file input.pdb (PDB, N, CA, C and O atoms)
ATOM      1  N   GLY A   1       1.144  -3.451  -9.312  1.00  0.00           N
ATOM      2  CA  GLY A   1       1.584  -4.859  -9.105  1.00  0.00           C
ATOM      3  C   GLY A   1       0.909  -5.509  -7.912  1.00  0.00           C
ATOM      4  O   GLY A   1       0.470  -6.658  -7.988  1.00  0.00           O
ATOM      5  N   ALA A   2       0.826  -4.774  -6.809  1.00  0.00           N
ATOM      6  CA  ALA A   2       0.199  -5.284  -5.596  1.00  0.00           C
ATOM      7  C   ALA A   2       0.926  -6.522  -5.082  1.00  0.00           C
ATOM      8  O   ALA A   2       0.319  -7.402  -4.473  1.00  0.00           O
ATOM      9  N   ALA A   3       2.230  -6.583  -5.332  1.00  0.00           N
ATOM     10  CA  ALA A   3       3.038  -7.715  -4.893  1.00  0.00           C
ATOM     11  C   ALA A   3       3.922  -7.331  -3.712  1.00  0.00           C
ATOM     12  O   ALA A   3       3.701  -7.778  -2.587  1.00  0.00           O
ATOM     13  N   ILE A   4       4.926  -6.498  -3.975  1.00  0.00           N
ATOM     14  CA  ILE A   4       5.842  -6.053  -2.933  1.00  0.00           C
ATOM     15  C   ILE A   4       6.243  -4.598  -3.135  1.00  0.00           C
ATOM     16  O   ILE A   4       6.305  -3.820  -2.184  1.00  0.00           O
ATOM     17  N   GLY A   5       6.512  -4.243  -4.381  1.00  0.00           N
ATOM     18  CA  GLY A   5       6.905  -2.882  -4.702  1.00  0.00           C
ATOM     19  C   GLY A   5       5.913  -1.854  -4.190  1.00  0.00           C
ATOM     20  O   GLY A   5       6.266  -0.694  -3.980  1.00  0.00           O
ATOM     21  N   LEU A   6       4.670  -2.282  -3.984  1.00  0.00           N
ATOM     22  CA  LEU A   6       3.627  -1.394  -3.490  1.00  0.00           C
ATOM     23  C   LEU A   6       3.055  -1.913  -2.173  1.00  0.00           C
ATOM     24  O   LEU A   6       1.876  -2.254  -2.085  1.00  0.00           O
ATOM     25  N   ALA A   7       3.904  -1.980  -1.152  1.00  0.00           N
ATOM     26  CA  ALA A   7       3.483  -2.464   0.159  1.00  0.00           C
ATOM     27  C   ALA A   7       3.698  -1.407   1.234  1.00  0.00           C
ATOM     28  O   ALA A   7       4.181  -1.703   2.328  1.00  0.00           O
ATOM     29  N   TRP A   8       3.330  -0.173   0.918  1.00  0.00           N
ATOM     30  CA  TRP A   8       3.471   0.937   1.856  1.00  0.00           C
ATOM     31  C   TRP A   8       2.136   1.638   2.047  1.00  0.00           C
ATOM     32  O   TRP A   8       1.821   2.137   3.128  1.00  0.00           O
ATOM     33  N   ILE A   9       1.363   1.683   0.968  1.00  0.00           N
ATOM     34  CA  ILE A   9       0.065   2.333   0.971  1.00  0.00           C
ATOM     35  C   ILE A   9      -0.933   1.675   1.931  1.00  0.00           C
ATOM     36  O   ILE A   9      -1.741   2.375   2.535  1.00  0.00           O
ATOM     37  N   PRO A  10      -0.918   0.326   2.093  1.00  0.00           N
ATOM     38  CA  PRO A  10      -1.848  -0.367   2.993  1.00  0.00           C
ATOM     39  C   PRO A  10      -2.073   0.392   4.300  1.00  0.00           C
ATOM     40  O   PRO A  10      -3.132   0.285   4.916  1.00  0.00           O
ATOM     41  N   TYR A  11      -1.075   1.172   4.701  1.00  0.00           N
ATOM     42  CA  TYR A  11      -1.165   1.967   5.916  1.00  0.00           C
ATOM     43  C   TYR A  11      -2.320   2.959   5.823  1.00  0.00           C
ATOM     44  O   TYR A  11      -3.019   3.209   6.806  1.00  0.00           O
ATOM     45  N   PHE A  12      -2.519   3.514   4.632  1.00  0.00           N
ATOM     46  CA  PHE A  12      -3.594   4.471   4.404  1.00  0.00           C
ATOM     47  C   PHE A  12      -4.903   3.746   4.106  1.00  0.00           C
ATOM     48  O   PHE A  12      -5.984   4.241   4.423  1.00  0.00           O
ATOM     49  N   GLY A  13      -4.793   2.573   3.492  1.00  0.00           N
ATOM     50  CA  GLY A  13      -5.973   1.796   3.156  1.00  0.00           C
ATOM     51  C   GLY A  13      -5.890   1.191   1.765  1.00  0.00           C
ATOM     52  O   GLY A  13      -5.743   1.918   0.783  1.00  0.00           O
ATOM     53  N   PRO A  14      -5.985  -0.146   1.643  1.00  0.00           N
ATOM     54  CA  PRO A  14      -5.917  -0.826   0.345  1.00  0.00           C
ATOM     55  C   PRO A  14      -6.875  -0.222  -0.675  1.00  0.00           C
ATOM     56  O   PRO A  14      -6.540  -0.082  -1.851  1.00  0.00           O
ATOM     57  N   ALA A  15      -8.071   0.134  -0.216  1.00  0.00           N
ATOM     58  CA  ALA A  15      -9.079   0.724  -1.086  1.00  0.00           C
ATOM     59  C   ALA A  15      -9.168   2.232  -0.874  1.00  0.00           C
ATOM     60  O   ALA A  15     -10.238   2.768  -0.586  1.00  0.00           O
ATOM     61  N   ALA A  16      -8.034   2.910  -1.018  1.00  0.00           N
ATOM     62  CA  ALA A  16      -7.979   4.357  -0.839  1.00  0.00           C
ATOM     63  C   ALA A  16      -8.882   5.067  -1.843  1.00  0.00           C
ATOM     64  O   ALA A  16      -9.488   4.375  -2.687  1.00  0.00           O
TER      65      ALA A  16
END

call {"tool": "encode", "arguments": {"input": "input.pdb", "output": "structure tokens"}}
result
Amino acid sequence: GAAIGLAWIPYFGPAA
């Protein structure tokens, strides 16, 4: 979704 439900990973990097 990249809306809100998935707003934890950014810590590791959006383009992991």

call {"tool": "atom_distance", "arguments": {"input": "input.pdb", "atom1": "atom O of residue 13 (chain A)", "atom2": "atom C of residue 1 (chain A)"}}
result
13.2 Å

call {"tool": "atom_distance", "arguments": {"input": "input.pdb", "atom1": "atom N of residue 2 (chain A)", "atom2": "atom O of residue 14 (chain A)"}}
result
10.0 Å

call {"tool": "axis_aligned_box", "arguments": {"input": "input.pdb", "around": "region 3-15 of chain A", "padding_each_side": "8 Å", "output": "JSON"}}
result
{"center_x": -1.7, "center_y": -1.7, "center_z": 0.7, "size_x": 33.1, "size_y": 28.2, "size_z": 28.1}

call {"tool": "atom_distance", "arguments": {"input": "input.pdb", "atom1": "CA of residue 15 (chain A)", "atom2": "atom C of residue 3 (chain A)"}}
result
15.5 Å
